[PDB]
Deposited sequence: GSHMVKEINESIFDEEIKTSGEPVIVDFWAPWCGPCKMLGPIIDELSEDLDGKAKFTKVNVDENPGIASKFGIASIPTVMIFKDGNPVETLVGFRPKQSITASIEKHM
């Protein structure tokens, strides 16, 4: 349950438990390694966190607004505010540990 989001619906999806945004591109190797992790966590942390994906090729405005200078980057939002920016590939346990903190 990872929802693909764009600038038009970004505000809606972000304000709603922590919301995780995976900034990715289909041509980026490390991003493709991260995809399955985010998918698995959307099930394992179901009821605890919400997961979404932003394709930076199609949403350059979102990427610039949040300083996504490198992909993959995973951002955590709480009450509509960005509270964590996780740059670089990380295993499942590392992402979970970060989400657990909020």
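Judged by missing C-alpha atoms, the gaps in the deposited chain sequence fall at residues 1 to 3, 20 to 21, 108, listed in sequence order.
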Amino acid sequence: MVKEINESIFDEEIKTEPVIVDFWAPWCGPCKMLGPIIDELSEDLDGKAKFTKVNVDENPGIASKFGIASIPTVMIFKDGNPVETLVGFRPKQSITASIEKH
From here on, numbers count along this sequence of modelled residues.
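As the entry records it, the average C-alpha temperature factor is higher for 5 to 13, out of 79 to 87 and 5 to 13. In the deposited entry, the Cα temperature factor of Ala69 places it in the middle third of its chain's modelled residues. In the deposited entry, the Cα temperature factor of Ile37 places it in the middle third of its chain's modelled residues. Remark: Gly61 belongs to the highest third of its chain, ranked by C-alpha B-factor as recorded.
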